[PDB]
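K.L.:
Have a look at this one.
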Number of protein chains: 2
Amino acid sequence: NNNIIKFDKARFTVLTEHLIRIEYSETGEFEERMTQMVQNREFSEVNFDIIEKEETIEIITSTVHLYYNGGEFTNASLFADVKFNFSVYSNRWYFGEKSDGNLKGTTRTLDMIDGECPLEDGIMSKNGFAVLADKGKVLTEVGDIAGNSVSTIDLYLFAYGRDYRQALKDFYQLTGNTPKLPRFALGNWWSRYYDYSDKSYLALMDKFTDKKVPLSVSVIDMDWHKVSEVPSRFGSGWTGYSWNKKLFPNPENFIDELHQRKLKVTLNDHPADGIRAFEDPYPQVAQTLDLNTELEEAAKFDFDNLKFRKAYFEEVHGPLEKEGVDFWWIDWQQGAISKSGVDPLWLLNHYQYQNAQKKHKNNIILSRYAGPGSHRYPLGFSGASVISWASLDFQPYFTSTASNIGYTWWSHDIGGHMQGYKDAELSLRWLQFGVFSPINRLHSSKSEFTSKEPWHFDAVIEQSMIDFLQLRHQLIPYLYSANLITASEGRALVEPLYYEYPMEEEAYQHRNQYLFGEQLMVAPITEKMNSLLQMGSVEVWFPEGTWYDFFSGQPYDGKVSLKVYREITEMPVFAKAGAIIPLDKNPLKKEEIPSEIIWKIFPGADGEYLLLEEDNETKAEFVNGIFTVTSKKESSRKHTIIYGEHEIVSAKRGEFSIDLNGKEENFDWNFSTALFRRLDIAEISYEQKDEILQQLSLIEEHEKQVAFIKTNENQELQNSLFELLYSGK
Amino acid sequence: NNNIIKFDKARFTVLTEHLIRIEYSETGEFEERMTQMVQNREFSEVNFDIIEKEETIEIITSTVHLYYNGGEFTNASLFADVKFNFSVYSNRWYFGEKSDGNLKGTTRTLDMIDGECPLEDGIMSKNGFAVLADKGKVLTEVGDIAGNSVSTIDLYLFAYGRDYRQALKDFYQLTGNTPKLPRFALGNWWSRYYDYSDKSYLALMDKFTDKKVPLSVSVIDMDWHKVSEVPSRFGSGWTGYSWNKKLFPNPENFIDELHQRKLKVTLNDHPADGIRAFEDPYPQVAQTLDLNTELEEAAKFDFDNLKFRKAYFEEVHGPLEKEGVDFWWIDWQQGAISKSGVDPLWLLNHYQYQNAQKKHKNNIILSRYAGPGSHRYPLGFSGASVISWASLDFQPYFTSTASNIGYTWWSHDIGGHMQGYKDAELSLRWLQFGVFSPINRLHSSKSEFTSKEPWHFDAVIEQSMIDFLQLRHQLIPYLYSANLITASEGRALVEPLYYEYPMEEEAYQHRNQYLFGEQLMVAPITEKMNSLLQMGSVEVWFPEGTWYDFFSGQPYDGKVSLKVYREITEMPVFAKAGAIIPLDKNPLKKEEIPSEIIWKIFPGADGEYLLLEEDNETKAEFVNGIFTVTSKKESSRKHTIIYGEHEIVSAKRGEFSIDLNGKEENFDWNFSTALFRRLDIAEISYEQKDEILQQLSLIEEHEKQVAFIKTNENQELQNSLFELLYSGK
Ligand SMILES: *[C@]1(O[C@@H]2[C@@H](O)[C@@H](O)O[C@H](CO)[C@H]2O)O[C@H](CO)[C@@H](O)[C@H](O[C@H]2O[C@H](CO)[C@@H](O)[C@H](O)[C@H]2O)[C@H]1O
Ligand SMILES: *[C@]1(O[C@@H]2[C@@H](O)[C@@H](O)O[C@H](CO)[C@H]2O)O[C@H](CO)[C@@H](O)[C@H](O[C@H]2O[C@H](CO)[C@@H](O)[C@H](O)[C@H]2O)[C@H]1O
């Protein structure tokens, strides 16, 4: 109440020094209930100043002057000056107007998108302020829609400057934290829009095992249910709740077989045509909803309706869950229309996520983005992207930017969904990105030609895809720990560079570069390789410090912007001196938590990593060359230590300390080996290869080696050779 | 009343199983009067089902579920599911929203359009439903504007699936059938924006006769009236009702001369500046309308005003009609503004078409499209197209698509109106299309360089244009019979392929291909010829069956999509085995109905043709090789029979039967002659011509002749040779 100020028909709540709620009420009553967006307005007390006159009020915090001159809210009556100098004259908010600087957020879907699409604003701005309008309905205490707010205007002014992480934390305090994901969500998912039988689906799952590809999730797409068998008088077979008995004669037994293989099972649900008279559950639903069965009255989709929702969860989903379905893929594409004015997609995500908690702890959905606050209902499902280099090139930027509206669990169709064109290299680059994305779900539309099975491709592509898919399971400990940090501390797994480096202009100029947890920096390659080099490339910004390629140990002295080149089988991922990354030593081994962890240490600085698990916390410390591992609880877990290049300790039990000061710090990576490899794969003249190898071996002074490559007629070859020289300086 | 259901403030009329009127009234009174669009709501009783509850109503027909949940009509309150599966999730109509699938209709005009323009929706959809909003004013019983409907929302839900012909028939039952055209409308029209005198206009008409070009209509454009002679204080000379006496010293005598030549006469009327004080009829109009003549008060155009309309028809048009003007070219381009909110173009077409019936039976106008229902006022006048290949390439698609809103008598300026560029081949291809279009009106803007006279061009173009212009008059019996079928059965002369072949995807992929009556399929060439081939081309979809080129007898086995090549003098027109096409044997002969008919029979199947005339019906039957001609009434008419290639019977009177089983079925058309001609005109190397002729003569097996042409370095030459091989298979 000390942090609440009324003036004329407005109410101002100073939630933090940098977050002010702004309300208008014609009725003099202001809204206390939660909304679709807002779950909590309880914040600790803060200091601020007021200048209140007859006709005007000014609220003053450490970061903003908010002015209200009375009357209806207009661009003239309600406005704010930030106490920052990030811009020369973009430091003022005017009610109902847009200002420059917004770093954007996300959008509902990538359905039908070939490359870039427009995004909605987020809460982050380079100029230090953003306004988030609450246009949603009020909730009841139990979380049903209650109707219109009595605050007919309800806004949140964010004035955090470039303290982006704190803005996001306080956003999560206002809108509710992201829930914890279950560990199974972080493994590889198999999905394909393909009319598998029980037999061919299990045969494929057993082929994954034979091929050494680990999976956590078995998606079954819409051909699980009747499609062509639906009489046309009912409409299409898009919506379905009845097994196709030719393909799945015993569904519970088939799901039992996936459960024996330690897979979680989800089915595609297209809800929009509801429960029509041909469906297996229709007799029960018709009885519950008092439908006219002799006129074959449909139970039309109506998620505003309590009785419909109950029948949907209990009598439609319920029997399928009893057969063993673990969680729901809500695949909604039929618009934003409802009686209530609430988006049916929001109603589905809110009510289905809540219903999923009844049968499994920390359960998920898979569904499209439903607006600010819908991060409460993971996972995000971006949908039917066009298969193209342009779509891949948009996706890292899309994924990191989404953290700016707190939606940090986007699952993209890895390799793209539909249409587009075949290029095995595009498929491989997309999988590299997916492995370093929130969720790694392989999926494809209905084409005989778009399977994401590694063995679809040639032996080189296949082996690389298998390697990356195994790496995803090696990363599950790191991902799961980051997941618990999202849930408990409001930190995104994927951060734009500018979260960590807000004052570095280069942190705003590398759209596809991101931080992946706290220990890794990713620069995916999203452009087709230069055939003369047989290598793809990306311009990488290296912050201040010593950086190592995560895979090769190639070093880079920051701060620098440097074009980096990789073969199609290799991905630019970097770790700082002192980085500690845990890996599952046994990624193929079915076990709910790893029996063995590899501690991968990057020499040259102190470091620390906290491994959060379901029932433990394990701290790895690297201080003055001493590596120490301690846990809250004891276990039989065996620890492996890799210090730079070399395995130091193999499968050691319990807590321990070891001195690595007397151990080889340097990786093997060396200029001459790397130079020989780049020249050898290049589709260039042998006389050019001979001369470059000879001259770069003979010329001793680094500045003269660089002068020699500066004369090369191949401009991209110059850049590739320059990367090696820079790493070898 | 059994087919009428009221619920809340709505009224639902089930007109057919597939056509439901949807009304809202705030006052509880619903509209029974006709509207600008709707002339008849009397339909035979149909069966349907209702589910009526406290708060909701569902109407169920064989093809649609219409739902209304009460309150104001919104996208949430009023919606419909079709009982079809043409799409996966585009089977629902939402009030006020657009869905995918609409096959489009037409637009007001092609004025100033170079190629394509956007079209309005029609009543046809690939997904099986369309909504046609009635936003017009109510009429009185006699057909004057009465003001606003009491049904403040008035919609027609069409749910015909892909039964397009039935949708159009029922549209014509709702909006009124197209009236019969007079036979004279179906012949060639001469028009040119050029300042002819009486003498030079008659000299040109006599030159047409000398050149063996038949004409039905003599258009006189705006230089008939005063133009430069109008004092500038009155504004421009665009509007005029006073003969230029230098050019037309005795108008009645000049119109008498056109009447002696068996021409119908129309004048251009630009109505928008009304009757100003310099006009010949102004003294009479001023007296009737009580104008201030000493202040030279204009009788401004006001078609909302009963007295203005009367003075316009009786005192302005009346004297010109007494001089012999047969019908009015209404040339309105001055906007959609009126006191009433009724488009002045609609007021002109409605009232002028009605007034034209006073002096001639089945009279016409010539005017732009005035919205749904304005098919009641033929003919359509598309206006000032840009002269270009792009404009020609749009026009067949434009013409057939218009049938989807029932506007089936579009008259285009043949050869294009204005601007654009000279290409004698474009002029010739445009005339080919015009001859197989609803109306063949040659017209051109004010340029010394754009006359459509055949003898404007070189001897090759001239002779081809004369041949096509004579063909149009040969087709008048077929056109006039189709005209009576439009008027009596609601079948368009020009149909998109998908009317006949709604389930064939290829019927939606050949935009410029159409059915022309029931016996002919047209694929106009609308792209400049390939100079290497000296031939133009179009990809033709041949439906199942045996097809013949109408002109050459070249055969084609359906179903196939095949690129076809024609010299600039030849047009792709096709007839099925069993086709019977009547032709006027004496197209140059002035006679109100043909004294001789050629029955052109395509061998290989049974067929039938009904020739409807002013005062007769003649049935031609081809059954098990027996051709029979019978008529309702006897006449002196002499019948000629052409069976494939050969004239069997010459000028035989009365009813008769003849056996053609013992007569040569095969056309002369042959691979070797056609191959020699294509190679001979081609601007390619003689060594290539020599080798193709030699190899295609020597190689006996059809598959190896195709393999030989597959090696040709000229890709289009491959396609041309492949067409011949396919026809010769
Ligand atoms: C894609 O699906 C279409 C189907 O609609 C149908 O036409 O069959 C086609 C194959 O011949 C198939 O390509 O396109 C639609 C329209 O854009 C999408 O809605 C589909 O994506 C969604 O549904 C899929 C099936 O459940 C699912 O795998 C996707 O993840 C969904 O986004 C798309 O596959
Ligand atoms: C064309 O007419 C213009 C005239 O407006 C005037 O400027 O003289 C020009 C020649 O030097 C002439 O080209 O352009 C206008 C504006 O777009 C159209 O309205 C004219 O078309 C209509 O009027 C014509 C004359 O009656 C008629 O032949 C057309 O059929 C009408 O559409 C167009 O000719």
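Letters for chains follow the order of the structure tokens (A, B, ...), residue numbers begin at 1 for each chain, and ligand numbers begin at 1 in the order shown.
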Go through region 71-214 of chain A and collect every residue that DSSP, computed from the backbone, puts in strand (DSSP E); the answer should be as a list in words.
P.N.:
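Restricting region 71-214 of chain A to strand (DSSP E) produces residues 78, 79, 80, 81, 82, 92, 93, 94, 130, 131, 132, 133, 138, 139, 145, 146, 147, 153, 154, 155, 156, 157, 158, 188, 189 and 190 of chain A.
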K.L.:
Can you pull out the residues contacting region 458-470 of chain B? Cut-off 8 Å, using only C-alpha atoms, and skip same-chain residues under 2 positions away; I want them as a PyMOL selection string.
P.N.:
chain B and resi 188+211-214+424-425+428+431-432+435+454-456+472-474+569+587-588
K.L.:
For the residues in that selection, give me C-alpha atoms as a PDB file, in the first residue's frame.
P.N.:
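So selection_13.pdb came out as:
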```pdb
ATOM      1  CA  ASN B 188     -18.633  -8.773 -85.079  1.00  0.00           C
ATOM      2  CA  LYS B 211     -13.041  -7.251 -97.815  1.00  0.00           C
ATOM      3  CA  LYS B 212     -15.514 -10.094 -96.972  1.00  0.00           C
ATOM      4  CA  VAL B 213     -15.667  -9.162 -93.239  1.00  0.00           C
ATOM      5  CA  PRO B 214     -19.189  -9.487 -91.772  1.00  0.00           C
ATOM      6  CA  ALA B 424       0.621  -7.452 -85.220  1.00  0.00           C
ATOM      7  CA  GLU B 425       0.903 -10.988 -83.726  1.00  0.00           C
ATOM      8  CA  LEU B 428      -4.042 -11.514 -84.256  1.00  0.00           C
ATOM      9  CA  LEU B 431      -8.818 -11.607 -82.206  1.00  0.00           C
ATOM     10  CA  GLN B 432      -8.519 -15.422 -82.052  1.00  0.00           C
ATOM     11  CA  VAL B 435     -13.913 -14.933 -81.651  1.00  0.00           C
ATOM     12  CA  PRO B 454      -7.433  -6.228 -90.697  1.00  0.00           C
ATOM     13  CA  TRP B 455      -5.891  -4.296 -93.670  1.00  0.00           C
ATOM     14  CA  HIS B 456      -3.901  -2.157 -91.166  1.00  0.00           C
ATOM     15  CA  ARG B 472     -17.276 -15.637 -85.694  1.00  0.00           C
ATOM     16  CA  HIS B 473     -20.364 -15.295 -87.999  1.00  0.00           C
ATOM     17  CA  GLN B 474     -20.122 -19.052 -88.824  1.00  0.00           C
ATOM     18  CA  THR B 569      -2.535 -17.982 -87.925  1.00  0.00           C
ATOM     19  CA  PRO B 587     -21.681 -16.178 -92.915  1.00  0.00           C
ATOM     20  CA  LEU B 588     -21.464 -13.124 -95.296  1.00  0.00           C
TER      21      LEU B 588
END
```
K.L.:
For chain B, report every residue with an atom at most 8 Å from chain A (counting only C-alpha atoms), formatted as a list in words.
P.N.:
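Therefore, the residues near the partner are residues 49, 51, 63, 75, 76, 77, 81, 82, 83, 84, 85, 86, 87, 88, 89 and 91 of chain B.
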K.L.:
Env of region 97-107 of chain B: 6 Å cut, atoms = only C-alpha atoms, seq-sep filter 6 positions within chain, self excluded. Answer as an MDAnalysis selection string.
P.N.:
chainID B and resid 119:122 124:127 401:402 404:405
K.L.:
Give me, as a tab-separated table, each residue of chain A that comes within 9 Å of ligand 1, together with its shortest interatomic pair and the distance in Å at one decimal, counting only C-alpha atoms and all ligand atoms, with rows ordered by chain and rising residue number.
P.N.:
```
residue	atom	partner	partner_atom_place_in_ligand_line	distance
A:111	CA	ligand 1	32 (O)	6.5
A:112	CA	ligand 1	17 (O)	6.1
A:191	CA	ligand 1	28 (O)	8.0
A:192	CA	ligand 1	28 (O)	6.6
A:193	CA	ligand 1	28 (O)	4.7
A:194	CA	ligand 1	28 (O)	8.5
A:221	CA	ligand 1	26 (O)	5.5
A:222	CA	ligand 1	26 (O)	4.8
A:223	CA	ligand 1	26 (O)	7.8
A:238	CA	ligand 1	26 (O)	7.5
A:268	CA	ligand 1	26 (O)	6.1
A:269	CA	ligand 1	26 (O)	7.7
A:270	CA	ligand 1	26 (O)	7.2
A:331	CA	ligand 1	31 (C)	6.2
A:332	CA	ligand 1	32 (O)	8.1
A:333	CA	ligand 1	19 (O)	6.7
A:381	CA	ligand 1	30 (O)	8.4
A:382	CA	ligand 1	32 (O)	8.1
A:383	CA	ligand 1	32 (O)	4.5
A:384	CA	ligand 1	32 (O)	4.5
A:385	CA	ligand 1	32 (O)	8.3
A:413	CA	ligand 1	30 (O)	7.7
A:417	CA	ligand 1	34 (O)	6.9
A:418	CA	ligand 1	34 (O)	6.3
A:419	CA	ligand 1	13 (O)	7.7
A:443	CA	ligand 1	28 (O)	7.3
A:444	CA	ligand 1	28 (O)	6.4
A:445	CA	ligand 1	34 (O)	4.1
A:446	CA	ligand 1	10 (C)	4.8
A:447	CA	ligand 1	10 (C)	6.5
```
